[PDB]
Amino acid sequence: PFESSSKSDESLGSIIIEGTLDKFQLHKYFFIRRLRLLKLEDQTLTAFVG
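Each residue of the sequence shown is one higher than the one before, starting from 252 at the first, in full-length UniProt numbering.
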(Lines of atoms letter the chains of each structure in order from A and count residues from 1; the text may use other names and numbers.)
(Lines give C-alpha, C1' and ligand atoms only; values in the text may rest on other atoms or scores of the structure.)
Protein backbone atom coordinates (compact mmCIF):
# COMPACT_ATOMS: atom_id res chain seq x y z
CA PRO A 1 0.00 0.00 0.00
CA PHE A 2 3.02 2.34 -0.27
CA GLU A 3 5.07 2.00 -3.48
CA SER A 4 4.14 -1.33 -5.04
CA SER A 5 0.68 0.22 -5.23
CA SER A 6 2.10 3.56 -6.40
CA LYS A 7 1.20 2.25 -9.84
CA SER A 8 -2.12 0.92 -8.53
CA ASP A 9 -3.38 4.11 -6.86
CA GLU A 10 -2.49 6.02 -10.03
CA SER A 11 -4.28 3.38 -12.14
CA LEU A 12 -7.32 3.48 -9.83
CA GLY A 13 -7.41 7.29 -10.00
CA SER A 14 -7.07 7.02 -13.80
CA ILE A 15 -9.93 4.50 -13.97
CA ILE A 16 -12.03 6.80 -11.79
CA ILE A 17 -11.00 9.69 -14.08
CA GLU A 18 -12.38 7.69 -17.01
CA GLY A 19 -15.73 8.68 -15.48
CA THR A 20 -16.11 12.27 -16.70
CA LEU A 21 -18.33 13.49 -13.84
CA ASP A 22 -17.36 17.06 -12.81
CA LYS A 23 -14.03 17.09 -14.64
CA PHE A 24 -12.68 20.17 -12.84
CA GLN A 25 -13.27 18.40 -9.50
CA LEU A 26 -12.74 14.86 -10.85
CA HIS A 27 -9.11 15.33 -9.79
CA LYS A 28 -10.23 14.61 -6.22
CA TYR A 29 -8.99 11.11 -7.10
CA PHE A 30 -5.74 12.74 -8.20
CA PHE A 31 -5.67 14.75 -4.96
CA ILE A 32 -6.15 11.57 -2.93
CA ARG A 33 -3.43 9.90 -5.01
CA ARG A 34 -1.13 12.90 -4.47
CA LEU A 35 -1.77 12.76 -0.73
CA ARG A 36 -1.44 8.96 -0.58
CA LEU A 37 1.65 8.38 -2.74
CA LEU A 38 3.62 11.30 -1.30
CA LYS A 39 2.42 10.36 2.19
CA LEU A 40 3.35 6.72 1.58
CA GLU A 41 7.09 7.20 2.17
CA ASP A 42 7.14 10.67 3.72
CA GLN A 43 9.97 9.55 6.02
CA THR A 44 12.82 9.27 3.51
CA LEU A 45 16.14 10.72 2.36
CA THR A 46 15.83 10.66 -1.43
CA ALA A 47 13.07 8.14 -2.30
CA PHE A 48 10.28 10.72 -2.08
CA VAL A 49 12.20 13.14 -4.34
CA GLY A 50 10.97 11.61 -7.61
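The beta-carbon is built from N, C-alpha and C at its ideal position, and this holds for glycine as well.
One alpha carbon belongs to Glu261, the other to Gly270, and they sit about 15 Å apart. Judged by DSSP in its simplified three-state form, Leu289 adopts helix.
Apart from sequence neighbours up to five positions away, the residues of its chain that approach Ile267 with a beta-carbon distance below 7 Å are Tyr280, ordered along the chain. Counted as a single uninterrupted DSSP element, the alpha helix (DSSP H) harbouring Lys258 occupies residues 257 to 268. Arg284 is positioned such that its CB atom lies closer than 8 Å to that of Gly264.
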